[PDB]
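Inside the fold
Here's the letter readout for the chains.
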Amino acid sequence: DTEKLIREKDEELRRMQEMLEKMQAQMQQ
Amino acid sequence: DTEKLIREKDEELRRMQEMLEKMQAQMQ
Ligand SMILES: [Zn+2]
Ligand SMILES: [Zn+2]
Ligand SMILES: [Zn+2]
Ligand SMILES: [Zn+2]
């Protein structure tokens, strides 16, 4: 399914952005 | 205690490095 494929990939990208965000914060505080 | 502190900070960087590697591999 094409909408499901876009959605699953987009969520994975969102989860990775959040991880990077949490990592950068750890190297600050 | 300085050696213990260095290892604990190293463990945290390794965990971040390892998650970074999973992201790059995952984006294949
Ligand atoms: Zn469809
Ligand atoms: Zn997106
Ligand atoms: Zn889900
Ligand atoms: Zn966020």
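What counts, and where the lines are drawn
Residues numbered from 1 in each chain as written, not as in the entry; some residues may be left out. Chains lettered and ligands numbered in written order. Heavy atoms only, no water. Residues with missing side-chain atoms left out of burial classes, pairs and counts. Helix = DSSP H or I, 4+ residues; strand = E, 2+ residues; numbered from the N terminus. Expected span 1.5 Å × (residues − 1). Polar contact = N/O pair within 3.5 Å; in protein donor to acceptor, adjacent residues only side chain to side chain. Contact = heavy atoms within 4.5 Å. Nonpolar A, V, L, I, M, F, W, Y, C, P; charged D, E, K, R; others polar.

- Header annotation of the entry names X-ray crystallography as the structure determination method and lists the resolution as 2.1000 Å.

1. Side note on helix α1 (residues 2-28) of chain A
- The first and last C-alpha atoms of α1 of chain A sit 39 Å apart over 27 residues, in line with the 39 Å expected at 1.5 Å per residue.
- Of the residues flanking the start of α1 of chain A, the one acting as N-cap is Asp-1 of chain A, its side-chain oxygen 3.5 Å from the backbone nitrogen of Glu-3 of chain A.

2. So, the interface of chain B and chain A
- Counting residues at the interface gives eight residues for chain B, matched by eight residues for chain A.
- Its residues assigned to classes, the side of chain B that touches chain A comprises six nonpolar, one polar and one charged.

3. Digging into the environment of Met-19 of chain B
- In this structure, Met-19 of chain B sits in helix α1 (residues 2-26).
- Apart from the residues lying within four places of it in its own chain, the contact partners of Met-19 of chain B are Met-19 and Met-23 of chain A.

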